[PDB]
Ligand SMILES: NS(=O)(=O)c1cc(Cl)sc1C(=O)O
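Next up: just one chain, as structure tokens, the form deposited without the named molecule.
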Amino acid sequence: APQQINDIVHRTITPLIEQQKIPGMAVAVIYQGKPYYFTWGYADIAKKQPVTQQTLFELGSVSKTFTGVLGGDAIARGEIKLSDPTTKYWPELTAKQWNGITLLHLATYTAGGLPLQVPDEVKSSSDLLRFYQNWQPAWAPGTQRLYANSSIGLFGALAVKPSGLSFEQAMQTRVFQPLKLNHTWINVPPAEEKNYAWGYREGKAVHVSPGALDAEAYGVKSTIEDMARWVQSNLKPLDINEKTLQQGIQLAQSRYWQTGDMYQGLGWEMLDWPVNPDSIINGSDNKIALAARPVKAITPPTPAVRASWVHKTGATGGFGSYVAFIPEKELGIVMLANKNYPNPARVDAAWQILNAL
């Protein structure tokens, strides 16, 4: 890396690790459309295995970007519409609530109070349906934003319906492969197990446990290299050869709703650039990010705005990730750690480094 970049990263990251007590970390800066990688520490402390560019990490919520992108591609293919009511795809979903809730609502957390999480007692397809049928909304559709896995997960389960594929095959075929994310998995195969880092929560080594709609809402595992490649793709959609994906990417970055100074895409979250750092930093905090907030509709939605600060945080019980990019400046960063540390800290660091370029 050019010394500038080096200095920046090191200057900012080291202290973060030290303070947060992060066992491993990989970072990639995308500068002028070129990535530069940094790794630190361990992937597995016990076996003293270090973090490399091949180490796999749990994306947690950053999976939502993928979901949102696979959904846009489906839209671009003419297989679904955001305006379609949910029932068109899950006709058994017969209860009165479901009435006017469309794919758009689900995909954006504005359905009217769907829970953050799917209850752990929900296992079968039967449990699921019940869960849905019996859910009672707190608000009218399209009035209040509630960050929810059961909201977005559901959208992604249904988006792939017309295709005929399972969520995983569709992601693979339609997203991973075309983009050349060969080390990106929902289910990590045996041949890759050796590179899969241990999450660490309370000194204990942990892995994401399976659950309803996990693939769809938080099930991706990937590497710093593939992450960087994913960031490059979202930064320059137009260079993507596959029409639908290209288009699909752009739709995921479209602005459907606004709250405070933030806009809701399809998995992505964006702000206007330049941005008020206090805004994003503090906004990232759980108390704020997970709360119920009133939304204003953008009618019609605004197409992907080059001047933005695009991003998404993500976490599992043993990991914590962050991605941010500014299409207009051809810059981004990706931060992967095998420890779930505080959001604002991630935000602060990303902004420091990115502000410096």
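Note that residue numbering follows the sequence shown and begins at 1.
Of the other entries compared for this protein that flank it with modelled residues, all give atoms for residue 243, so not even a third lack it.
In the comparison with other entries of the same protein, residue 284 is left without coordinates in at least one third of those covering both sides of it. When the two stretches 31-39 and 319-327 are set side by side, the higher mean Cα temperature factor goes to 31-39.
Stretches 261-269 and 235-243 differ in mean C-alpha B factor, with the higher average recorded for 235-243. You'll see in the entry that, of 99, 253, 150, 110, the Cα B factor peaks at 99. Residue set 26, 297, 69, 292: peak C-alpha B-factor at 297 (per PDB entry).
For residue 128, the recorded CA B-factor ranks within the highest third of the chain. Only modelled residues enter the ranking. Residue-level temperature factors show residue 4 in the highest third of its chain, judged at the C-alpha atom. In this PDB entry, residue 214 carries a Cα temperature factor that places it within the middle third of its chain's modelled residues. Residue-level temperature factors show residue 343 in the lowest third of its chain, judged at the C-alpha atom. In the PDB entry, residue 56 places in the middle third of its chain by CA B-factor.
One more form of this protein, deposited with the named molecule bound, exists but is not displayed; see below.
For this ligand-free form, the site is classified open because the named molecule, superimposed from its arrangement in the bound PDB entry, keeps every atom beyond 2.4 Å of the backbone and C-beta atoms. Listed residues 167, 176, 268, 218 were compared with the named molecule in the bound PDB entry; 218 is the one with a heavy atom within 4.5 Å. In the bound PDB entry, the named molecule sits beyond 4.5 Å of every heavy atom of residue 78.
Within this chain, residue 208 lines the site of the named molecule in the bound PDB entry, having a heavy atom no more than 4.5 Å away. Mapping the unseen interface onto this chain, residue 316 counts among the residues with a heavy atom inside 4.5 Å of the named molecule in the bound PDB entry.
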